[PDB]
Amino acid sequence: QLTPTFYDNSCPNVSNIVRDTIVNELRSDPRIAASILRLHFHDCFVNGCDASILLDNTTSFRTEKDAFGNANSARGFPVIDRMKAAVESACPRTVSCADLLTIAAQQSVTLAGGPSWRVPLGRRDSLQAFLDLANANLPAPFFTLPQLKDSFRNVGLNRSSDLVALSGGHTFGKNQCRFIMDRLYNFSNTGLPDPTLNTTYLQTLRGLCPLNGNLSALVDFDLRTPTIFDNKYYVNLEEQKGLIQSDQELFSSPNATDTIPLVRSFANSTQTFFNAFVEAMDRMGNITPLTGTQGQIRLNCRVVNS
């Protein structure tokens, strides 16, 4: 069983070391908090939160970093290396990369203005990476609501609250133009923009992502508060201003009878959202963890111990 007090004796300063690292990095890279939270999400959705995503290539298995959902998208790996080295210095061979990334995600959310809580700990590190599983399990921005629900249920999150609350991770961070081009110019081969995208916002996004323009150009997920972790993400959805298809579908999909009330509840109360986010975050962090003597306490998050 995972427990928040796992390192209270062996490494009481772990959370503070992680926090210090992120604070330092945020000065030169204001996007790092968002990037780190996403790394935890992509770790947990592939064989559970086992730091499998942090492993680099080997001749026996491919890295998840080359998965369609990670390649030229996932970032912040050097920052994780930095905090790992710092923690290893303070507490040698004690904190797993899986737990380190979980704490990093929570601290990132808190630093960006989100809720503060102690995450369950005790996870251990994988002995391999899963590229095929990552390609199959990570959801995509073009997924319909039923597909999004399927993707979450596939890894163990059955609740619509899990989906709606965790999607709130898009209250900050960046998104490449490539992922919304269809919504802006030719959605579902209709030759027209996605009708669920506010027409005023449509104009703005078209200006940032012109047809035949730089597809790697970055756009803010939350037009209200781009770098602050708050419930503004849901207020946007209510106004048809969700950035990607998967965001807006939570409010506009024909299958959103169960998600619409959740979107409204989170937009109406920061407390309601934050409570649900913590609840969902801990549920995601509890996905098929390796515990006890299973797996290892990786010394270098990029490679399995030898």
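Each residue number is its position in the shown sequence, starting from 1.
Averaged over their C-alpha atoms, the temperature factors of 230 to 238 and 81 to 89 are higher for 81 to 89. Stretches 183 to 191 and 137 to 145 differ in mean C-alpha B factor, with the higher average recorded for 183 to 191. Annotation for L100, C177, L211, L127: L211 ranks highest, by Cα B-factor.
Ranked against the other modelled residues of its chain, the C-alpha B-factor of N47 as given in the entry falls in the lowest third. Sort the modelled residues of the chain by CA B factor and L37 lands in the middle third. The PDB entry assigns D29 a C-alpha temperature factor belonging to the highest third of its chain's modelled residues. In the PDB entry, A267 places in the highest third of its chain by CA B-factor. Per-chain ranking of the deposited C-alpha B factor places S108 in the middle third.
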